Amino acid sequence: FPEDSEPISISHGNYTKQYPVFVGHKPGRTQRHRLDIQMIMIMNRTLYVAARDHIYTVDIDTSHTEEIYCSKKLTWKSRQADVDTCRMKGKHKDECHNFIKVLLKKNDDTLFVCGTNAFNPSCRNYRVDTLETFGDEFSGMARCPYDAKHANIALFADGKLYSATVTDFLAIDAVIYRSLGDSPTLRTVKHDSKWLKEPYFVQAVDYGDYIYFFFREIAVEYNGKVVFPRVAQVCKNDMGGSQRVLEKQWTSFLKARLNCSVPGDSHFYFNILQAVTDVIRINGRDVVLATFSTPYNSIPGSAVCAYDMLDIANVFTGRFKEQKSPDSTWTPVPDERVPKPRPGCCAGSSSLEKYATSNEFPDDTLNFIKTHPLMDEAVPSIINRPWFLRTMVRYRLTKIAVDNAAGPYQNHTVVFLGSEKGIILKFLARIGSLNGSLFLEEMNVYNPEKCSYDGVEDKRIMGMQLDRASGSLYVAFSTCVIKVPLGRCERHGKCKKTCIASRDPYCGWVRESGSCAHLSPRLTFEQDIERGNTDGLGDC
């Protein structure tokens, strides 16, 4: 098994503590209450911070102070009647508030916002410019969790809202769901373990004709109790089943195990999926990066694997899985036993042109996909081994941010990894004839002085947002958001050797000033990212 690589550089709290921090204050002048940040996102030039009872915004381009100030504040507190109801059902005072868990750009003028609303999930439209709501409230059931601690997915595609959460207060009825967009609402088959077995929802992406969902669940291929990572497709144009079969349910839902393994005399799999990026074009290919850990009761380890959207689409064209008899191993269904038209193919697809919508699909096709949602094959990662590995630390790798246009010629790919302990890992994607990774830097960004207050010291990174124009990576914790500089250039000061050795696409040696500097689009800008060559230099 692969040894842990060492980073070229390390940054401790001593240096990082000078990074600007947002803690929810407007500019007008010591009251401190934990923010309960849930997620962050950048739209246009505005950073949105979704939290308890609020969404704060920071205008990125005009924020230069050491304390990052809130620019506009959206306020949405639960009605007292809902708070009281929440408490009577036995929930605690801290959790019976409105935690914002869905925040989406519906269009240029409109935000779609959903909050737990004291275990009575609710959604609203908000004006982008005034952050005031307009129109009727929308039901939140199946669109937004009740409990802020739960993981959930929401995404718009073509006006339709795709969501994944639980429909019920008791958190028993986990669902992948679609609504809005003037199309029928669709859901996964309630209480059906072949469709979903205690899923934990991680990510969805919109690609080609499909929405793909990433998640983990108890694996039926193991009937003692093992969690597998999954990706699933649904057709964007799905209209539900016929009056006889899968009425009001998906007719295109299929899923496959994700393969993130280390090759050996018996493969070792990373099964506990932590995060997945949006689709990123890296080196001609369309790809997602995904972080995995070993089970929490196991010896701790983490990995990043990459997946080509092409390999993902391809797994759904292969054989389906089945149990020929109860309590037997799972085998591939022979294609001769697969109905026509093929389950999981979209109406109007090649050879399905006869079908106006999935409502016209034959019963054999529908009963089949209802009883065979799982594919035989697992999706292979690019390179068939993890791009990055950590095995000798106590923390797990979690969030991911990617810059596929780093450097003078915008042709390096830099990947940032967050962790449950506030450490960020920075690495360079090896490319070409994508060949793994180079560990550039490790850095502790958690700032106890600004982030540890109101009885909270929670170093779990909740989100990371990379922003090129401000040369920053925004790193969210529960109680704060930190503005992290993309490259620690001037660190190396006037030492040319450590500047060149860093192999950091964000940094170069500028002899006109005699110093290591960040890209300034001008003077000479020397770097050697491909090789680390410092022969004839030194030292420090």
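Start at 1 and count along the sequence shown; that's the residue number.
Problem set entry | Count class of deposited residues lacking coordinates, residue 521 to residue 522 | Unresolved stretch here: 1 to 3 residues.
Exercise. From residue 433 to residue 434, how many deposited residues does the entry skip: none, 1 to 3, 4 to 9, or 10 or more?
Worked result: Unmodelled stretch: 1 to 3 residues, a short break.
For this session: Would you tell me which stretch averages the higher CA B-factor in the PDB entry, 165-173 or 442-450?
Result: Averaged over C-alpha atoms, the B-factors run higher in 442-450.
Exercise. With respect to the recorded C-alpha B factors, which stretch has the higher mean value, 244-252 or 203-211?
Worked result: 244-252 has the higher mean C-alpha B-factor.
Problem set entry | Which of 386, 341, 418, 90 ranks first by CA B-factor in the deposited coordinates | Reading the PDB entry, the winner on C-alpha B-factor is 341.
For this session: Could you check 110, 413, 85, 323 and tell me which one carries the biggest Cα B-factor in the deposited entry?
Result: Comparing C-alpha B-factors across 110, 413, 85, 323, the top value belongs to 323.
For this session: Could you tell me which third, lowest, middle or highest, the C-alpha B-factor of residue 62 occupies within its chain?
Result: Ranked within chain, residue 62 CA B lands in the highest tercile.
Exercise. Compared with the other modelled residues in the chain, in which third is the CA B-factor of residue 192?
Worked result: CA B-factor rank for residue 192: middle third.
Problem set entry | Entry-reported Cα temperature factor of residue 224, expressed as the chain third it lands in | As the PDB entry reports it, the C-alpha B-factor of residue 224 lands in the highest third of its chain.
For this session: Using the B-factor values recorded in the entry, state whether the Cα atom of residue 132 falls in the lowest, middle or highest third among the modelled residues of its chain.
Result: Tercile = middle for this residue's CA B-factor.
For this session: Give the position of residue 478 by CA B-factor within its chain, expressed as the lowest, middle or highest third.
Result: Bottom third by C-alpha B-factor.
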